[PDB]
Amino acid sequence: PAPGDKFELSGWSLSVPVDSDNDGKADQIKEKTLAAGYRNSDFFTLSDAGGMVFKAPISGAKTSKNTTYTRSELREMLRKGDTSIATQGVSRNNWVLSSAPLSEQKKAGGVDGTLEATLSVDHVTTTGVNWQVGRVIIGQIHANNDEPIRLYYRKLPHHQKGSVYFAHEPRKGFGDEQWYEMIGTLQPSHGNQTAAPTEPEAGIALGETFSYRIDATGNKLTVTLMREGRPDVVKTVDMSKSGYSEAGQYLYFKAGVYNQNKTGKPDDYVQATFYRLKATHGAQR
């Protein structure tokens, strides 16, 4: 019984942090294989409660030399296994913003986008250097080379509750990375490791169900955090100067766990369970 039996996964590929051909690259599971019921008892499973469970230890294979952190994470693939469609570029596999040139929109697999997830963060690292410990990225928008958004959950080892924040990173040369704290704080950061934040009283506990929404409409980025019985937390970001509407830029969502710790105990880990995951595109969404 695997996630593909319960979730429609034809529109994603998966990477898990094990390297089967010993080439230094983490395994990549293609859409068709994923959709047909791939599972890995260590990294990617279907829970008894019908959740898609991603797990990534600190030590493990990386997807490429371009990252220093492990992940068990989905990559949006609008081509759904059709190998005649390019994985990269403004093709039917990816999407672009509605602020992009009409000519790019016509070549893309979608225009604008929304990623919705309902999940729990089950475990985060409790070992490592003080600016890495407890961090996990649970959703992203990725582009050709840069990251329009990375959404973080972070819980410190001595806290009961965790924080939620995200980065908006303009393309290189288009401006400095922007950080947005939505619940609690991202402290302690690499920038001041002497920080000693108190427990985020509005924080999210391990195992507590919550939802997010990541929307890109034209140059407007909207991130929404939802908890049953509580008001939404919402942050809006203007991306008009970030370069992601330029010709040639393509976008795709990612979701799962991306372990932002490379210094703790090797079998320490992050894990999250996704009960719902939906990516949509187009004006009618």
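Just count from 1 along the sequence shown to find any residue number.
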Using only the Cα atoms and their B-factors as the entry lists them, report which of 168-176 and 78-86 averages higher.
78-86
Quick one: higher average CA temperature factor, 134-142 or 106-114?
106-114
Criterion, highest CA B-factor; candidates, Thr45, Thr224, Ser64, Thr70:
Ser64
Using the temperature factors in the entry, find which of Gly51, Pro57, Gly256, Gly218 has the highest value at its Cα atom.
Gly218
Can you work out whether the C-alpha temperature factor of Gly264 puts it in the lowest, middle or highest third of the chain?
lowest
Chain-relative C-alpha B factor for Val121 (record values, thirds): the lowest
Can you tell me which third, lowest, middle or highest, the CA B-factor of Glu208 falls into for its chain?
lowest
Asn94: which third of its chain by C-alpha temperature factor?
middle
Tertile call for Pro197 (CA temperature factor, within chain, third-based) is the highest
